[PDB]
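Engineer: First the structure, which I've put down as structure tokens, then a few questions once you've had a look.
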Amino acid sequence: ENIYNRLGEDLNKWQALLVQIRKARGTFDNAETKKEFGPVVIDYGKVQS
Amino acid sequence: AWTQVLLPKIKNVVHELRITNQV
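Residue numbers (the deposited numbering), protein chains in the order written: chain A, 1066 to 1114; chain B, 921 to 927, 953 to 968.
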């Protein structure tokens, strides 16, 4: 409801935020489960599903 | 011989099924 009130009657209703939410899907929804970066590896395995 | 092998060294072809944006 906070989101609804903040973006009450945007371009149509939001018409922008939903677009970046699709872009916000990055670093997520990918076959990769653990982000490697050199000797530091972070595994988003438990949180993935 | 290759045909009956299909049914001669043969490479193993692989492909996967995945889902993205719930597709």
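Ideal placement from N, C-alpha and C gives every residue a C-beta, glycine not left out.
Grab me the residues of A:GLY1110's own chain with a C-beta within less than 7 Å of its C-beta, minus the 5 sequence neighbours each way, in chain order.
Structural biologist: As a first step, residue 1110 of chain A is located in the first sequence; it is residue number 45 there, counting from the start. Same-chain partners within the cutoff: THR1098, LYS1099.
Engineer: May I ask which residues mark the beginning and end of the beta strand (DSSP E) holding A:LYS1099?
Structural biologist: As a first step, residue 1099 of chain A is located in the first sequence; it is residue number 34 there, counting from the start. 1099-1102 is the extent of the beta strand (DSSP E) around A:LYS1099.
Engineer: Is DSSP giving B:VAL925 helix, strand or coil here?
Structural biologist: Along the second sequence, read from residue 1 onward, the residue named residue 925 of chain B stands at position 5. It is helical.
Engineer: Along chain B, which residues have their Cβ under 8 Å away from the Cβ of A:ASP1094?
Structural biologist: In the first sequence, counting from the first residue as 1, residue 1094 of chain A sits at position 29. The answer, in chain order, is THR965, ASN966.
Engineer: Under three-state DSSP, which class holds B:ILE964?
Structural biologist: Residue mapping note: residue 964 of chain B aligns to position 19 of the second sequence, counting from 1. Coil, per DSSP.
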